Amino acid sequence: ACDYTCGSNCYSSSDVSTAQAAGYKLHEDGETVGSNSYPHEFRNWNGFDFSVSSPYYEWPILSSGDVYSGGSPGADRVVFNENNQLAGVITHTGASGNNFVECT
């Protein structure tokens, strides 16, 4: 089925790879997109157990398959570090408030 299920969204590893690459490129270039300036540091207040090293950055992954370019980011995010390693895939869907749950 889905390499990642975020709420009702089904993402393949390639979907995540494409989102990750777009976010990491902005990160390394020191640029951002959208009113909420993505990518930005992901604090991990929820204590997810990521095996790659922090700091972490969150970047929206979109239900449509398009790369985030601004506007509404939806609930899903890919999280990666400065080594361009994927830390995890998370979503506000099914969480309360600004909290997140990991996609399954």
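Heads up: residue numbers just count along the shown sequence, starting at 1.
S.K.: Determine, for stretches 18-26 and 5-13, which one has the higher mean CA B-factor as deposited.
M.R.: Looking at the record's C-alpha B-factors, the answer is 5-13.
S.K.: Got a sec? Mean C-alpha B-factor, which is higher, 59-67 or 27-35?
M.R.: The stretch with the larger mean CA B-factor is 27-35.
S.K.: Looking at the temperature factor on the CA atom of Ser96, which third of the chain's modelled residues does it land in?
M.R.: For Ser96, the deposited C-alpha B-factor lands in the highest third.
S.K.: Rank-wise, by C-alpha B-factor, drop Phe42 into the lowest, middle or highest third of its chain.
M.R.: Lowest third of the chain for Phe42's C-alpha B-factor.
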